[PDB]
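K.L.:
Using this note's numbering, you'd call the opening residue of the sequence shown number 60 and step up by one each time.
Quick one: this structure, given as structure tokens, is what I'll be asking you about.
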Amino acid sequence: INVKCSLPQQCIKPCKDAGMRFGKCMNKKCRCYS
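Here it is, written out as structure tokens:
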């Protein structure tokens, strides 16, 4: 899914359902990481 990009510190919103905390910004997309 096309999602904006941002640091893992401010990616909790898009990574709330996943229940993750960390993340990775790349390819104009933010990934959720445990």
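We put the CB at the ideal spot given by N, CA and C, even for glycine.
Can you find the residues in the same chain that come closer than 6 Å, C-beta to C-beta, to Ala-77, ignoring five residues on each side of it along the sequence?
P.N.:
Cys-91
K.L.:
Hey, how far is the Cα of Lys-72 from the Cα of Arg-80?
P.N.:
One C-alpha to the other measures close to 10 Å.
K.L.:
In angstroms with no decimal places, state the Cα-to-Cα distance between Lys-75 and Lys-63.
P.N.:
15 Å
K.L.:
Please list the terminal residues of the continuous beta strand (DSSP E) segment that includes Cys-89.
P.N.:
88-92
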